[PDB]
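Report on one structure; see the data block that follows.
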Amino acid sequence: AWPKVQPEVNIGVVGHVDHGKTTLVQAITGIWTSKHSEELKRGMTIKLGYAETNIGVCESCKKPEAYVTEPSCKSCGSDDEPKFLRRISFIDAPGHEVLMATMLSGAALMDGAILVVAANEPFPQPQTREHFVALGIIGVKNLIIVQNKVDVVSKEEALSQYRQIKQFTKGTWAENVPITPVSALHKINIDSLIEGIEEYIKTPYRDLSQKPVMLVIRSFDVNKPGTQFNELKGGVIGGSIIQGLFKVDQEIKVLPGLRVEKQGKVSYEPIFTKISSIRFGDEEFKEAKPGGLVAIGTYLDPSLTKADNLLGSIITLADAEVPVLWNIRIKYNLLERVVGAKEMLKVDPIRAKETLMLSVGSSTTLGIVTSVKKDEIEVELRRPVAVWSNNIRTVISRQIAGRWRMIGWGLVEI
Ligand SMILES: Nc1nc2c(ncn2[C@@H]2O[C@H](COP(=O)(O)OP(=O)(O)CP(=O)(O)O)[C@@H](O)[C@H]2O)c(=O)[nH]1
Ligand SMILES: [Mg+2]
Ligand code: NA
Ligand code: NA
Ligand code: NA
């Protein structure tokens with residue numbers, strides 16, 4: 001039998017709207033990531049989606065068909081159990097331009113990524129570009145490019161686009177990134193993609209001695225309506241562990257924490273609590289390591305965690321020393337052009353007093369530029385940000401025609 005373990009690696013799925021990210025994740029895992037009513041209704045990803053699968057290989061069979069996502073080799077005529085390789089999980093990002101920030105949040109949780117490119121749409125589309133560049137900036141460079149929807153175009157058309165993709169990646173960090181043609185919808189050539197995932201998105205080394213840090217993207221509670229009020233389960237906080245590991249009964253804190261109102265004046269106070277449970281998907285564990293999306297059960301009042309209230313927070317051990325900053329200095333670099341815009345547009349230099357959007361970890365925060373230099377800006381934040389390390393990368397966005405567009409990036413200076 002295959003072991004029941006947590007996913008050991010996170011693979012982002014990104015790309016332009018409707019190019020088939022969620023359907024690809026379904027093709028691989030059997031799971032439709034969209035759980036929210038508005039997502040199902042509007043037919044779009046809004047919040048980050050999530051799905052896990054085991055990966056195995058039938059050692060006596062021919063590749064890529066030998067790769068399986070369930071413990072059976074019957075499809076290659078063997079009654080032998082396939083060799084378990086690892087459990088993996090997917091971070092399914094929204095493609096809509098208006099949701100770029102969400103993609104950015106998800107990118108902080110990715111060990112590698114799949115860029116989905118629709119074979120029946122002109123390449124390169126705005127968010128194909130924006131997601132690609134964002135991946136490059138953030139350092140998610142273990143990339144597979146998937147040409148999806150090949151089922152509706154001839155092989156020749158798909159090859160023409162393939163040539164375009166090679167042209168696009170040439171001279172960039174992605175020059176030798178593999179391109180794999182599939183049909184996510186009708187499940188064609190998925191095995192080649194599994195093989196490619198095993199080859200190009202290896203589980204990274206984890207230094208489990210590092211201080212535990214989790215980036216928070218969800219928060220909620222299991223309590224069904226009409227639940228007896230003093231028998232409510234504690235709040236649950238969901239996210240991904242980016243370093244170290246957490247264990248049941250650990251004393252933890254959520255940073256920056258809780259918004260506090262004092263005569264209409266606002267501060268943030270760390271939220272202290274204790275880990276009552278650890279879960280990945282449908283399985284309970286006693287500890288939680290990088291890879292996968294974890295649900296940390298706590299003793300918190302469910303009202304504190306309701307409706308993703310804590311999105312963008314981080315969680316550390318209670319005694320961790322972590323700067324929570326209302327002002328930050330950023331060593332920055334700007335892109336030459338607003339890659340995510342439909343019509344070509346140059347990036348204007350940063351101006352003092354302008355409002356910028358900053359993506360840091362899973363958080364998204366508006367701030368006012370208080371100082372501009374050639375290599376550095378200083379920003380007064382509308383809300384504080386937890387900065388858990390010295391070389392944290394931030395992505396900078398500017399509001400352009402009412403739309404937040406990525407325009408640069410930088411290092412948060414301590
Ligand atoms: N013909 C064909 N259609 C596909 C394929 N993959 C996805 N689609 C279709 O494209 C549409 C959008 O698919 P979906 O998987 O939701 O794309 P998405 O990129 O996650 C959309 P969003 O960016 O909002 O998250 C759906 O109608 C879906 O059935 C494919 O391989 N072939
Ligand atoms: Mg989707
Ligand atoms: Na990463
Ligand atoms: Na085809
Ligand atoms: Na190029």
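Chain identifiers are assigned as A, B, and so on, following the order in which chains appear in the structure tokens; residues are numbered from 1 within each chain, and ligands are numbered from 1 in order of appearance.
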All residues 10 Å or closer to residue A:317, only C-alpha atoms, same chain fewer than 5 positions away omitted, as a PyMOL selection string
chain A and resi 211-214+245-246+250-254+272-274
Export of the given selection (N, CA, C and O atoms) as a CSV table (one decimal), in the first residue's frame:
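New file selection_11.csv:
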chain,number,residue,atom,x,y,z
A,211,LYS,N,13.8,28.7,11.5
A,211,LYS,CA,12.7,29.1,12.3
A,211,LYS,C,11.4,28.9,11.5
A,211,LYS,O,11.4,29.3,10.3
A,212,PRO,N,10.4,28.3,12.1
A,212,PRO,CA,9.1,28.0,11.4
A,212,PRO,C,8.4,29.2,10.9
A,212,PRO,O,8.3,30.2,11.7
A,213,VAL,N,8.1,29.3,9.6
A,213,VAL,CA,7.3,30.4,9.1
A,213,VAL,C,6.2,29.9,8.2
A,213,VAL,O,6.5,29.1,7.3
A,214,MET,N,5.0,30.3,8.4
A,214,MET,CA,3.9,29.9,7.5
A,214,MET,C,3.2,31.2,6.9
A,214,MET,O,3.0,32.1,7.6
A,245,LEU,N,9.3,23.8,10.4
A,245,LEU,CA,8.1,22.9,10.6
A,245,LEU,C,7.3,23.2,11.8
A,245,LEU,O,7.9,23.7,12.8
A,246,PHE,N,6.0,23.0,11.8
A,246,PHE,CA,5.1,23.2,12.9
A,246,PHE,C,4.7,21.9,13.5
A,246,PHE,O,4.6,20.9,12.8
A,250,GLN,N,2.2,23.4,19.6
A,250,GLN,CA,3.1,24.5,19.6
A,250,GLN,C,2.4,25.8,19.9
A,250,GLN,O,1.2,26.0,19.5
A,251,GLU,N,3.0,26.7,20.6
A,251,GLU,CA,2.5,28.0,20.9
A,251,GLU,C,2.9,28.9,19.7
A,251,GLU,O,4.1,29.0,19.4
A,252,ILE,N,1.9,29.5,19.1
A,252,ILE,CA,2.2,30.3,17.9
A,252,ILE,C,1.6,31.7,18.0
A,252,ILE,O,0.8,32.0,18.9
A,253,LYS,N,2.0,32.5,17.1
A,253,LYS,CA,1.4,33.8,16.9
A,253,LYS,C,1.2,34.1,15.4
A,253,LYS,O,1.9,33.7,14.5
A,254,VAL,N,0.1,34.9,15.2
A,254,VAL,CA,-0.3,35.4,13.9
A,254,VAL,C,0.2,36.9,13.8
A,254,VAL,O,-0.2,37.7,14.7
A,272,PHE,N,-2.0,35.6,19.7
A,272,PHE,CA,-1.4,34.4,20.3
A,272,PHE,C,-2.4,33.2,20.4
A,272,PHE,O,-3.5,33.4,20.8
A,273,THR,N,-1.9,32.1,20.0
A,273,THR,CA,-2.8,30.9,20.1
A,273,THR,C,-1.9,29.6,20.1
A,273,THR,O,-0.7,29.7,20.2
A,274,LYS,N,-2.6,28.5,20.1
A,274,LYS,CA,-1.9,27.2,20.2
A,274,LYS,C,-2.5,26.3,19.2
A,274,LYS,O,-3.7,26.2,18.9
Using only C-alpha atoms and all ligand atoms, I'd like a table of the residues in chain A that come within 8 Å of ligand 3; for each, show the closest atom pair and its distance in Å rounded to one decimal, ordered by chain and ascending number, as JSON lines.
{"residue": "A:107", "atom": "CA", "partner": "ligand 3", "partner_atom_place_in_ligand_line": "1 (Na)", "distance": 7.2}
{"residue": "A:108", "atom": "CA", "partner": "ligand 3", "partner_atom_place_in_ligand_line": "1 (Na)", "distance": 5.8}
{"residue": "A:109", "atom": "CA", "partner": "ligand 3", "partner_atom_place_in_ligand_line": "1 (Na)", "distance": 5.6}
{"residue": "A:110", "atom": "CA", "partner": "ligand 3", "partner_atom_place_in_ligand_line": "1 (Na)", "distance": 4.4}
{"residue": "A:111", "atom": "CA", "partner": "ligand 3", "partner_atom_place_in_ligand_line": "1 (Na)", "distance": 4.2}
{"residue": "A:112", "atom": "CA", "partner": "ligand 3", "partner_atom_place_in_ligand_line": "1 (Na)", "distance": 6.9}
{"residue": "A:138", "atom": "CA", "partner": "ligand 3", "partner_atom_place_in_ligand_line": "1 (Na)", "distance": 7.7}
{"residue": "A:139", "atom": "CA", "partner": "ligand 3", "partner_atom_place_in_ligand_line": "1 (Na)", "distance": 6.9}
{"residue": "A:140", "atom": "CA", "partner": "ligand 3", "partner_atom_place_in_ligand_line": "1 (Na)", "distance": 5.8}
{"residue": "A:242", "atom": "CA", "partner": "ligand 3", "partner_atom_place_in_ligand_line": "1 (Na)", "distance": 7.5}
Environment of ligand 5 within 7 Å, counting only C-alpha atoms and all ligand atoms, reported as a list in words:
residues 167, 168, 169, 170, 171 and 172 of chain A
Got a sec to check which residues lie within 6 Å of ligand 2, using only C-alpha atoms and all ligand atoms, and send them as a ChimeraX atom specification?
/A:21-22,44-45,94
DSSP on the backbone, then: every residue of stretch 160-386 of chain A marked strand (DSSP E), written as a short mmCIF file (atom, residue, chain, number, x, y, z; two decimals) with N, CA and C atoms, in the first residue's frame.
data_model
loop_
_atom_site.label_atom_id
_atom_site.label_comp_id
_atom_site.auth_asym_id
_atom_site.auth_seq_id
_atom_site.Cartn_x
_atom_site.Cartn_y
_atom_site.Cartn_z
N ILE A 179 8.21 22.44 -23.27
CA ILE A 179 6.83 22.74 -23.67
C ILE A 179 6.09 21.43 -23.93
N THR A 180 4.98 21.21 -23.22
CA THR A 180 4.23 19.96 -23.33
C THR A 180 2.79 20.22 -23.76
N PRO A 181 2.39 19.65 -24.91
CA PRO A 181 1.04 19.81 -25.46
C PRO A 181 0.08 18.81 -24.85
N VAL A 213 8.08 29.32 9.62
CA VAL A 213 7.28 30.43 9.12
C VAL A 213 6.20 29.89 8.18
N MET A 214 4.96 30.30 8.40
CA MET A 214 3.87 29.92 7.50
C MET A 214 3.24 31.17 6.90
N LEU A 215 3.02 31.15 5.59
CA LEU A 215 2.30 32.24 4.94
C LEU A 215 0.82 31.88 4.87
N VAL A 216 -0.02 32.80 5.34
CA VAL A 216 -1.46 32.55 5.45
C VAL A 216 -2.23 33.04 4.23
N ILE A 217 -3.02 32.15 3.63
CA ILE A 217 -3.89 32.54 2.52
C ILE A 217 -5.37 32.27 2.79
N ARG A 218 -5.67 31.42 3.76
CA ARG A 218 -7.05 31.14 4.13
C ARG A 218 -7.25 31.21 5.64
N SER A 219 -8.49 31.44 6.06
CA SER A 219 -8.87 31.25 7.46
C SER A 219 -10.38 31.05 7.50
N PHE A 220 -10.83 30.16 8.38
CA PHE A 220 -12.22 29.74 8.40
C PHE A 220 -12.57 28.95 9.66
N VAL A 236 -9.75 28.00 12.27
CA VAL A 236 -8.74 27.29 11.49
C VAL A 236 -8.03 28.26 10.56
N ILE A 237 -6.71 28.14 10.46
CA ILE A 237 -5.91 29.02 9.62
C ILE A 237 -5.19 28.19 8.56
N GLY A 238 -5.38 28.55 7.30
CA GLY A 238 -4.79 27.79 6.20
C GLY A 238 -3.72 28.55 5.46
N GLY A 239 -2.69 27.82 5.03
CA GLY A 239 -1.59 28.43 4.30
C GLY A 239 -0.48 27.44 4.02
N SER A 240 0.68 27.95 3.64
CA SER A 240 1.79 27.06 3.33
C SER A 240 3.04 27.40 4.12
N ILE A 241 3.71 26.37 4.62
CA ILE A 241 4.92 26.55 5.41
C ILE A 241 6.10 26.74 4.48
N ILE A 242 6.75 27.89 4.57
CA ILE A 242 7.83 28.21 3.64
C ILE A 242 9.21 27.88 4.22
N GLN A 243 9.27 27.70 5.54
CA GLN A 243 10.50 27.23 6.17
C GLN A 243 10.24 26.63 7.55
N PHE A 246 6.01 22.98 11.77
CA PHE A 246 5.15 23.21 12.91
C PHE A 246 4.66 21.89 13.48
N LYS A 247 4.34 21.87 14.77
CA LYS A 247 3.87 20.64 15.41
C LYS A 247 2.66 20.94 16.29
N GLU A 251 3.02 26.69 20.65
CA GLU A 251 2.50 28.02 20.92
C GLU A 251 2.91 28.89 19.75
N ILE A 252 1.93 29.52 19.11
CA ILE A 252 2.19 30.29 17.91
C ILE A 252 1.61 31.68 18.01
N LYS A 253 2.02 32.53 17.07
CA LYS A 253 1.40 33.83 16.91
C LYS A 253 1.18 34.15 15.43
N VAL A 254 0.10 34.88 15.20
CA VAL A 254 -0.27 35.42 13.89
C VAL A 254 0.17 36.88 13.84
N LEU A 255 0.93 37.22 12.80
CA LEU A 255 1.45 38.57 12.60
C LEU A 255 1.00 39.13 11.24
N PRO A 256 0.74 40.45 11.16
CA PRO A 256 0.80 41.48 12.21
C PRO A 256 -0.25 41.22 13.29
N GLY A 257 -1.30 40.50 12.91
CA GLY A 257 -2.29 40.03 13.86
C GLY A 257 -3.65 40.66 13.68
N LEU A 258 -4.15 41.21 14.78
CA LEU A 258 -5.51 41.71 14.88
C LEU A 258 -5.58 43.23 14.79
N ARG A 259 -6.48 43.72 13.93
CA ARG A 259 -6.77 45.14 13.82
C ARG A 259 -7.54 45.61 15.06
N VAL A 260 -7.00 46.62 15.73
CA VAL A 260 -7.57 47.15 16.96
C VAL A 260 -7.98 48.61 16.79
N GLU A 261 -9.23 48.90 17.16
CA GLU A 261 -9.80 50.24 17.07
C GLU A 261 -9.91 50.91 18.43
N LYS A 262 -9.18 52.01 18.61
CA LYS A 262 -9.24 52.79 19.84
C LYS A 262 -9.66 54.23 19.53
N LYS A 265 -9.05 55.03 16.16
CA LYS A 265 -7.64 54.94 15.81
C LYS A 265 -7.18 53.49 15.75
N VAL A 266 -6.27 53.20 14.83
CA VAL A 266 -5.99 51.82 14.43
C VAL A 266 -4.57 51.35 14.72
N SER A 267 -4.47 50.19 15.36
CA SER A 267 -3.18 49.55 15.59
C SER A 267 -3.31 48.05 15.31
N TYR A 268 -2.19 47.33 15.29
CA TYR A 268 -2.25 45.88 15.15
C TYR A 268 -1.60 45.17 16.33
N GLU A 269 -2.28 44.16 16.85
CA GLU A 269 -1.74 43.39 17.96
C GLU A 269 -1.61 41.92 17.58
N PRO A 270 -0.41 41.34 17.76
CA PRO A 270 -0.17 39.93 17.45
C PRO A 270 -1.24 39.03 18.05
N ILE A 271 -1.66 38.00 17.32
CA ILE A 271 -2.65 37.07 17.87
C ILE A 271 -1.97 35.82 18.40
N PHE A 272 -2.03 35.59 19.71
CA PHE A 272 -1.39 34.39 20.26
C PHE A 272 -2.37 33.25 20.37
N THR A 273 -1.95 32.06 19.96
CA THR A 273 -2.79 30.89 20.12
C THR A 273 -1.94 29.62 20.12
N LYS A 274 -2.59 28.47 20.06
CA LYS A 274 -1.91 27.20 20.22
C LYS A 274 -2.45 26.25 19.16
N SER A 277 -4.74 21.34 16.04
CA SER A 277 -4.69 20.27 15.03
C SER A 277 -3.92 20.64 13.77
N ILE A 278 -3.49 19.62 13.03
CA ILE A 278 -2.81 19.83 11.75
C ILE A 278 -3.42 18.91 10.69
N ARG A 279 -3.85 19.48 9.56
CA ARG A 279 -4.48 18.71 8.50
C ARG A 279 -3.99 19.11 7.11
N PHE A 280 -3.83 18.12 6.23
CA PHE A 280 -3.57 18.36 4.81
C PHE A 280 -4.66 17.61 4.05
N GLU A 283 -6.45 14.39 5.59
CA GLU A 283 -5.61 13.63 6.52
C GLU A 283 -5.06 14.47 7.67
N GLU A 284 -5.08 13.90 8.87
CA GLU A 284 -4.53 14.56 10.05
C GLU A 284 -3.08 14.15 10.27
N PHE A 285 -2.29 15.08 10.79
CA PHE A 285 -0.88 14.81 11.08
C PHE A 285 -0.47 15.45 12.41
N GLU A 287 2.70 16.81 12.63
CA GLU A 287 3.57 17.90 12.23
C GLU A 287 3.33 18.30 10.78
N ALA A 288 3.81 19.49 10.42
CA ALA A 288 3.57 20.06 9.11
C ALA A 288 4.84 20.72 8.59
N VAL A 294 -1.59 23.65 4.33
CA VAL A 294 -1.96 23.08 5.63
C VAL A 294 -3.11 23.85 6.27
N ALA A 295 -3.95 23.11 7.00
CA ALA A 295 -4.97 23.70 7.85
C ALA A 295 -4.54 23.49 9.30
N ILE A 296 -4.21 24.60 9.95
CA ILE A 296 -3.82 24.64 11.35
C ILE A 296 -5.06 24.94 12.18
N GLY A 297 -5.49 23.98 12.98
CA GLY A 297 -6.57 24.20 13.93
C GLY A 297 -6.01 24.81 15.20
N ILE A 314 1.26 36.13 8.57
CA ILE A 314 2.15 34.99 8.72
C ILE A 314 1.95 34.38 10.10
N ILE A 315 2.37 33.14 10.25
CA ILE A 315 2.35 32.49 11.55
C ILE A 315 3.77 32.06 11.88
N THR A 316 4.18 32.35 13.12
CA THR A 316 5.48 31.90 13.62
C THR A 316 5.27 31.30 15.00
N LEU A 317 6.33 30.73 15.58
CA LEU A 317 6.28 30.33 16.98
C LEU A 317 6.13 31.59 17.83
N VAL A 324 7.44 43.86 12.51
CA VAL A 324 6.14 44.17 11.92
C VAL A 324 6.12 45.67 11.59
N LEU A 325 6.22 45.99 10.30
CA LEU A 325 6.59 47.34 9.88
C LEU A 325 5.49 48.16 9.22
N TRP A 326 5.36 49.42 9.63
CA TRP A 326 4.43 50.36 9.02
C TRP A 326 5.13 51.24 7.98
N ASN A 327 6.45 51.14 7.93
CA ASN A 327 7.27 51.83 6.93
C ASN A 327 8.33 50.86 6.47
N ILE A 328 8.61 50.82 5.17
CA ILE A 328 9.66 49.95 4.66
C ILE A 328 10.55 50.63 3.63
N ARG A 329 11.80 50.19 3.57
CA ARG A 329 12.74 50.63 2.55
C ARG A 329 12.91 49.47 1.57
N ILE A 330 12.80 49.76 0.28
CA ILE A 330 12.88 48.73 -0.75
C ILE A 330 13.98 49.04 -1.76
N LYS A 331 14.90 48.10 -1.95
CA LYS A 331 15.87 48.21 -3.03
C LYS A 331 15.21 47.67 -4.29
N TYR A 332 14.88 48.55 -5.22
CA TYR A 332 13.95 48.19 -6.28
C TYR A 332 14.52 48.22 -7.70
N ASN A 333 13.83 47.53 -8.60
CA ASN A 333 14.07 47.60 -10.03
C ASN A 333 12.73 47.61 -10.77
N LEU A 334 12.60 48.48 -11.77
CA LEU A 334 11.36 48.57 -12.55
C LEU A 334 11.48 47.81 -13.86
N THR A 355 0.71 56.32 -4.74
CA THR A 355 0.31 55.13 -4.00
C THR A 355 0.69 53.89 -4.79
N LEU A 356 1.46 53.00 -4.16
CA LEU A 356 1.86 51.76 -4.81
C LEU A 356 1.25 50.59 -4.07
N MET A 357 1.14 49.46 -4.77
CA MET A 357 0.71 48.20 -4.15
C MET A 357 1.92 47.30 -4.00
N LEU A 358 2.08 46.74 -2.81
CA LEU A 358 3.23 45.89 -2.51
C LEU A 358 2.78 44.46 -2.18
N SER A 359 3.35 43.50 -2.89
CA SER A 359 3.12 42.09 -2.61
C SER A 359 4.33 41.58 -1.85
N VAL A 360 4.09 41.11 -0.63
CA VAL A 360 5.14 40.59 0.25
C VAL A 360 4.60 39.31 0.87
N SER A 363 0.83 38.58 1.46
CA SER A 363 0.12 39.82 1.75
C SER A 363 0.13 40.80 0.58
N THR A 364 -0.88 41.66 0.55
CA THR A 364 -1.00 42.71 -0.46
C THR A 364 -1.34 44.00 0.27
N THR A 365 -0.53 45.05 0.09
CA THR A 365 -0.70 46.26 0.90
C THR A 365 -0.45 47.54 0.12
N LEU A 366 -1.32 48.53 0.27
CA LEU A 366 -1.10 49.83 -0.36
C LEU A 366 -0.22 50.70 0.52
N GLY A 367 0.63 51.51 -0.10
CA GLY A 367 1.48 52.43 0.64
C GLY A 367 1.78 53.70 -0.14
N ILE A 368 2.18 54.74 0.57
CA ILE A 368 2.53 56.01 -0.08
C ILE A 368 4.04 56.14 -0.14
N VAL A 369 4.56 56.45 -1.32
CA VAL A 369 6.00 56.64 -1.47
C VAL A 369 6.43 57.93 -0.77
N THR A 370 7.34 57.80 0.19
CA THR A 370 7.82 58.95 0.97
C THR A 370 9.22 59.38 0.54
N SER A 371 9.90 58.53 -0.22
CA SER A 371 11.22 58.87 -0.74
C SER A 371 11.55 58.05 -1.98
N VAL A 372 12.10 58.71 -2.99
CA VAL A 372 12.53 58.04 -4.21
C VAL A 372 14.01 58.30 -4.47
N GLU A 376 16.53 52.89 -4.56
CA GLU A 376 15.75 52.68 -3.34
C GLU A 376 14.54 53.58 -3.22
N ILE A 377 13.44 53.02 -2.71
CA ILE A 377 12.30 53.83 -2.30
C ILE A 377 11.98 53.56 -0.83
N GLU A 378 11.26 54.49 -0.21
CA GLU A 378 10.76 54.29 1.14
C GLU A 378 9.26 54.47 1.08
N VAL A 379 8.53 53.63 1.80
CA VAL A 379 7.08 53.57 1.68
C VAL A 379 6.43 53.54 3.05
N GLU A 380 5.40 54.38 3.20
CA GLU A 380 4.57 54.44 4.39
C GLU A 380 3.34 53.58 4.16
N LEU A 381 3.22 52.48 4.89
CA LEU A 381 2.18 51.49 4.62
C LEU A 381 0.85 51.80 5.30
N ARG A 382 -0.23 51.53 4.58
CA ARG A 382 -1.57 51.77 5.09
C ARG A 382 -1.87 50.77 6.21
N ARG A 383 -1.22 49.61 6.14
CA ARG A 383 -1.33 48.56 7.15
C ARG A 383 0.03 47.90 7.25
N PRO A 384 0.39 47.39 8.44
CA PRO A 384 1.75 46.88 8.63
C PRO A 384 1.96 45.52 7.98
N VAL A 385 3.22 45.18 7.75
CA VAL A 385 3.60 43.94 7.08
C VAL A 385 4.63 43.20 7.93
N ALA A 386 4.45 41.89 8.10
CA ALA A 386 5.43 41.09 8.83
C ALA A 386 6.59 40.72 7.91
#
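For ligand 4, the set of protein, DNA and RNA residues within 12 Å, based on only C-alpha atoms and all ligand atoms, reads residues 118, 119, 120, 147, 148, 149, 150, 151, 152, 153, 154, 155, 156, 157, 158, 159, 160, 161, 181, 182, 183, 186, 188 and 189 of chain A.
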Can you write out the residues you just picked, keeping C-alpha atoms, as a PDB file, in the first residue's frame?
ATOM      1  CA  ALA A 118      -4.052  27.935 -24.786  1.00  0.00           C
ATOM      2  CA  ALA A 119      -3.170  26.585 -28.237  1.00  0.00           C
ATOM      3  CA  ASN A 120      -6.240  28.250 -29.763  1.00  0.00           C
ATOM      4  CA  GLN A 147       0.276  24.028 -24.465  1.00  0.00           C
ATOM      5  CA  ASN A 148      -3.345  23.271 -23.564  1.00  0.00           C
ATOM      6  CA  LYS A 149      -6.449  22.780 -25.749  1.00  0.00           C
ATOM      7  CA  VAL A 150      -4.483  21.077 -28.543  1.00  0.00           C
ATOM      8  CA  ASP A 151      -7.654  19.043 -29.132  1.00  0.00           C
ATOM      9  CA  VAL A 152      -9.245  21.914 -31.055  1.00  0.00           C
ATOM     10  CA  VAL A 153      -6.341  22.806 -33.374  1.00  0.00           C
ATOM     11  CA  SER A 154      -4.299  20.872 -35.941  1.00  0.00           C
ATOM     12  CA  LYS A 155      -0.823  19.655 -35.015  1.00  0.00           C
ATOM     13  CA  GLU A 156       0.621  22.210 -37.441  1.00  0.00           C
ATOM     14  CA  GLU A 157      -1.129  25.134 -35.718  1.00  0.00           C
ATOM     15  CA  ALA A 158       0.051  23.913 -32.322  1.00  0.00           C
ATOM     16  CA  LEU A 159       3.603  23.655 -33.717  1.00  0.00           C
ATOM     17  CA  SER A 160       3.422  27.214 -35.061  1.00  0.00           C
ATOM     18  CA  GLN A 161       2.496  28.440 -31.602  1.00  0.00           C
ATOM     19  CA  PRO A 181       1.043  19.813 -25.461  1.00  0.00           C
ATOM     20  CA  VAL A 182      -2.055  18.402 -23.758  1.00  0.00           C
ATOM     21  CA  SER A 183      -5.817  18.451 -23.692  1.00  0.00           C
ATOM     22  CA  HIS A 186     -10.374  15.461 -22.760  1.00  0.00           C
ATOM     23  CA  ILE A 188      -4.766  13.761 -23.708  1.00  0.00           C
ATOM     24  CA  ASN A 189      -1.008  13.372 -23.148  1.00  0.00           C
TER      25      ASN A 189
END
Excluding stretch 191-205 of chain A and any residue of its chain fewer than 3 positions from it, enumerate the residues within 9 Å of it, using only C-alpha atoms, and give them as a PyMOL selection string.
chain A and resi 8-11+28+55+63-69+85-86+111-114+142-144+146+177-178+180-182+188+291
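Separating atom CA of residue A:17 from atom 21 (C, counted along the ligand's line) of ligand 1 is a distance of 4.9 Å.
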